[PDB]
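These notes are about the structure you will find just below.
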Amino acid sequence: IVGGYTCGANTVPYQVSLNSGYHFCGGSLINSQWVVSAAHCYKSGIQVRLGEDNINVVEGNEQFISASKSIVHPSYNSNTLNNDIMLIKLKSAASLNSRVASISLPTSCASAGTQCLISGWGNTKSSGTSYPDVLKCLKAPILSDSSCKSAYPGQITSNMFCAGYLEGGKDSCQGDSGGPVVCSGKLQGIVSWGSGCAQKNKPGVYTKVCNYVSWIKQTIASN
Ligand SMILES: [Ca+2]
């Protein structure tokens, strides 16, 4: 996250870190046994880390649970990043409390102008590299589809939205991918892609979760 603020420990209780020896992507806890992330974060050998603030220090609220199954969306396209969404089943259910909690799926899609919260452990610089150890947060609005398509001609599908600031300076970045975009208490987006981070006229692009609720629910019900 570039241009954000330190969230505070366990203030984003649905945020997960995906770990394969190191943090590589975020995700969101949607019930006691399932996480949603970005398909481009797929790899074998995932450990899901819940209850994290500092990802390099054991602070006492963590739960570390291995994945038993990963399911990339049937229509994910790695070249265009269309349908950039993946479900991960945990080997055992997490223990839910005030510091480790699920986030609700949306019943309706959010409109442009709605303010959302984006969070992650990704790079905090638009030029160069500095990775934080504690969770960072950013408040940002959903942009109109017309502004999004004007920023990224030929690249925005109906399964994507832009959020952020056309002036630049505040955005998600590398290492935030897979993490949550929460608006009015519901999961509306997944951190997916952008051109650099925090550049003028290049806001972040997010997977539009409301288009996937039926797939999510049916997949969980049968796996
Ligand atoms: Ca920790």
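Both counts, for ligands and for their atoms, begin at 1 and track the order of listing. Positions are given from 1 along the sequence. All heavy atoms count here, side chains included; hydrogens, waters and symmetry mates do not.
- Between the Ca ion (ligand 1) and the N, O or S atoms of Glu52, the shortest distance is to OE1.
- Of the residues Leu29, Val36, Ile71, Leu18, the one that meets the side-chain contact (heavy atoms from CB on, under 4.5 Å) test with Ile88 is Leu18.
- Among the atoms of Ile55, no N, O or S atom is found under 3.0 Å from the Ca ion (ligand 1).
- Distances from the Ca ion (ligand 1) to each N, O or S atom of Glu62 single out OE2 as the nearest.
- At a cut-off of 3.5 Å, with distance as the only test, no side-chain donor of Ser17 or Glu52 sits close to an acceptor on the other residue.
- Look at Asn56 and the Ca ion (ligand 1): no N/O/S atom of the residue is under 3.0 Å from the metal.
- Counting non-hydrogen atoms of neighbouring residues, nucleotides and ligands closer than 6.0 angstrom, the OH atom of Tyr76 exceeds 12 such neighbours.
- Residue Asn211 holds its CG atom at 9.0 Å from CG of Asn83, rounded to the nearest 0.5 Å.
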